[PDB]
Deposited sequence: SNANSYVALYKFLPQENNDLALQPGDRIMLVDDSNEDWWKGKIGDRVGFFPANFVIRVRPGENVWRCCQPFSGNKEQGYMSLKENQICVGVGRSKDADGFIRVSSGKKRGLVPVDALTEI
């Protein structure tokens, strides 16, 4: 599974529109920057760096309250930032992984 981290409105005709939290089925990745994927019955291009891989168990979350903590001990999340798999949960942003409070996340 892949998931859109960001909104992406189409600029050219063959672009595929993303909303954050969209689950995307891959169609072609021969270009390393621009991938072809499918959402519902819509097929098109979008930036590869706009999506994060979702392992089989993993859920998807939107950060409902900012949380910053010491990497040395914890992960950062700005408001509405998307992420992926008591009190804490280990999540990933794509760039960095770490613990955040579960109450700082909505499931999507």
property	result
Regions left out of the model, expressed as runs of the deposited sequence counted from 1	1 to 4, 78, 91 to 97
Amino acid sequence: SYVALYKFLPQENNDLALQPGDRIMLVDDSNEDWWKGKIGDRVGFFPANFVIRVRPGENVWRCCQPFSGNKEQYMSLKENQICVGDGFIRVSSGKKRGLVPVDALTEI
From here on, numbers count along this sequence of modelled residues.
query	finding
22 to 30 versus 62 to 70 - which carries the larger mean C-alpha B factor in the record	62 to 70
Of 13 to 21 and 96 to 104, the one with larger mean CA B-factor	96 to 104
Residue with highest C-alpha B-factor in the PDB entry, from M75, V51, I39, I82	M75
